[PDB]
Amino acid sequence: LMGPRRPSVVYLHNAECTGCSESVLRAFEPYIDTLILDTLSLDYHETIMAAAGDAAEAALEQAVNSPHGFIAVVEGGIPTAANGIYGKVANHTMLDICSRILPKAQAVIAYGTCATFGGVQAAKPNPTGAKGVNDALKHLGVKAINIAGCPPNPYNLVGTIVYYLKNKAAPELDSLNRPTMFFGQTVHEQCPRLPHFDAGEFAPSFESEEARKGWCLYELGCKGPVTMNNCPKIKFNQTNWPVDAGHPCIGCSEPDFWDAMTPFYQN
């Protein structure tokens, strides 16, 4: 699976929904085909790989032990409760597989709020004791670049990798270990509705005339003022974004948003 030329990428899936994998498939200029054919060598990925079972395990072992080195991209949180029992692949706990593979990578990218901060399964009362990659593997010295979002904008993943390949280093990171080139501004400061916010022109309900006119969604619970992401600028699928579709931001790129940003419709 590996050799010279193209950089090796090992993609792991822990406690996840696959939304982060799907977001990468939406890649645009470069498209996913160019990515897999010319830019990099996707050597392990449970969602689209041809091999299964022992052949898949062999492909994984082959990739991780390569003298050429590999970059790890991780999707999903790591369940820690009861000895890591709640999540297993090939009958090994996710805690165990990540504990042995991640310290061996040249670089590790935690892609998605689940992989970066714990995510949906870590929300109270956290039955599986799920943790983000850096939290769970701190004792091992693992320090992944965190690309947050549920799922993140794929523009941010490709941008980070292309930066790493060019500069052989991680870009500048904030206190939550996220790249400042994509997470340096709040969604709110980049919002088209900011002029309404300043004027105190808030939509009181979704069925109102002010909502139809595009009034600010803060009274309806928008978390834009407390969330860091580049949504209004890059947009999604080259065409839209939550508030342009009339719905408030739920703060999906933030650490414990499921408990911190909730109730979603209150401020």
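Position 1 is the first residue in the sequence shown; the rest follow in order.
As recorded in the PDB entry, 158-166 is the stretch of 107-115 and 158-166 with the greater mean C-alpha temperature factor. The stretch 134-142 shows the higher mean C-alpha B-factor when 134-142 is compared against 75-83 in the entry.
Among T239, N229, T34, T47, the highest C-alpha B-factor in the deposited entry belongs to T34. Across the options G149, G184, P125, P171, the residue with the most elevated CA B-factor in the record is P171.
In the deposited entry, the Cα temperature factor of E16 places it in the lowest third of its chain's modelled residues. In the deposited entry, the Cα temperature factor of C222 sits in the bottom third of values across the chain's modelled residues. When the modelled residues of the chain are ordered by their C-alpha B factor, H68 lands in the highest third.
In the PDB entry, a CA B factor belonging to the highest third of its chain's modelled residues is recorded for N91. Per the deposited record, the Cα B-factor of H196 falls in the highest third when ranked against the other modelled residues of its chain.
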